[PDB]
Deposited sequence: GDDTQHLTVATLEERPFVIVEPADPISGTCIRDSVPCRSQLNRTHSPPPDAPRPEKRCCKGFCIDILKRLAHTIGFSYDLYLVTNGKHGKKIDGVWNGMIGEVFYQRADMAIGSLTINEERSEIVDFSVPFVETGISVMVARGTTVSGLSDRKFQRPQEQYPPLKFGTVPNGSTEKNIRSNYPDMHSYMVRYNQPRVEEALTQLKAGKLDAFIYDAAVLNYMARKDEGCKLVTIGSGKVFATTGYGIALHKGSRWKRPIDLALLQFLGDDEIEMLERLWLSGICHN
């Protein structure tokens, strides 16, 4: 009846703000979340609906041990680690389903479609991730500068499928999306390769609409965000049924409009 839920800030899917200074409570659509503050956003609204529909209470906390999830020398960190090591009953956020993670935790059915996209300044001109500027990176006279934020499903995918390109990207690793966008707009990066759902949102919200996304096309695989649960969790089925209901009730579509819209 009571679940411990791990999450991670990644706007606009999870947004963290201080409590209302006047009341000292989380107001509006926000809910209390502690650190491993008030949380809101697309995924938090999903969590609120799951809790109401299925009928559980929860304790929400922000992950400080890494981010989404990476395995290093046999040990998982991030949201995936919290679930795998059974510190949390579930993790919800902008958490990407991939093969490696699916082996060790169960995922809900996907509730947001994602993958990998490439962001560049509208001025800049490359074809896409197929472009040899990316693929044969150290062939270009002034090298192309492209990076990702390391440790997530994007870097995992690139290292596994395009190890040459990955090796070239390492020096351009960015600490978070905000800095990457800054470097891209300053021309310190030529492209930023990252989660599609997030990148496409950032493109839509860009002050002045100067940042644009290119589809990765055939280069990378589509996937989705899923809620992570203990392998064999009894919670998977009721979570899935609820999510499926939300999808067909246009509740998810409504939340997309609410949280992920932009003018660009």
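- prompt: So which bits of the deposited chain never got modelled?
  reply: Unmodelled stretches, in sequence order: 1 to 4, 41 to 56, 285 to 286.
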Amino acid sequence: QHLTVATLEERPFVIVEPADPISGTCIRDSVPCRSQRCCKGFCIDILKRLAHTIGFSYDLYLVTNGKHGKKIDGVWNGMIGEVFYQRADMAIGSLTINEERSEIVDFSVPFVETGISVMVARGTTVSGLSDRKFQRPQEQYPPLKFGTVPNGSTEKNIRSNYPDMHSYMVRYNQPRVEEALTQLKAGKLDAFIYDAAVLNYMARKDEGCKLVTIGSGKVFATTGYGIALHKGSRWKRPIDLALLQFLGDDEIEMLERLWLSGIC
From here on, numbers count along this sequence of modelled residues.
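For clarity, a rigid core is taken as the largest C-alpha set superposing within 1.5 Å between two forms.
query: Quick one: with the core lined up, is it 42 to 50 or 209 to 217 that wanders further in 4 other deposited structures of this protein, going by C-alpha RMS?
result: The stretch that sits farther from the shown form in 4 other deposited structures of this protein is 209 to 217.
- prompt: Higher mean Cα B-factor in the deposited model: 137 to 145 or 190 to 198?
  reply: Higher mean C-alpha B-factor in the PDB entry: 137 to 145.
query: Comparing 5 to 13 with 242 to 250, which has the greater mean CA B-factor as deposited?
result: Mean CA B-factor is higher for 242 to 250.
field: Candidate set 68, 236, 40, 205 [ranked by C-alpha B-factor, highest]
entry: It is 205.
query: According to the deposited entry, which of 128, 115, 150, 110 has the largest Cα B-factor?
result: Of the options given, 128 has the highest CA B-factor in the PDB entry.
message: Test of reading the entry: by CA B factor among the chain's modelled residues, which third contains residue 32?
response: Middle third of the chain for residue 32's C-alpha B-factor.
- prompt: Compared with the other modelled residues in the chain, in which third is the CA B-factor of residue 105?
  reply: For residue 105, whose C-alpha B-factor we compare with every modelled residue in the chain, the answer is the middle third.
query: Split the chain's modelled residues into thirds by Cα B-factor; is residue 178 in the lowest, middle or highest one?
result: According to the entry, residue 178 has a C-alpha B-factor in the chain's middle third.
- prompt: Can you tell me which third, lowest, middle or highest, the CA B-factor of residue 122 falls into for its chain?
  reply: As the PDB entry reports it, the C-alpha B-factor of residue 122 lands in the highest third of its chain.
message: Ranking the modelled residues of this chain by C-alpha B-factor as given in the entry, is residue 164 in the lowest, middle or highest third?
response: Tercile = middle for this residue's CA B-factor.
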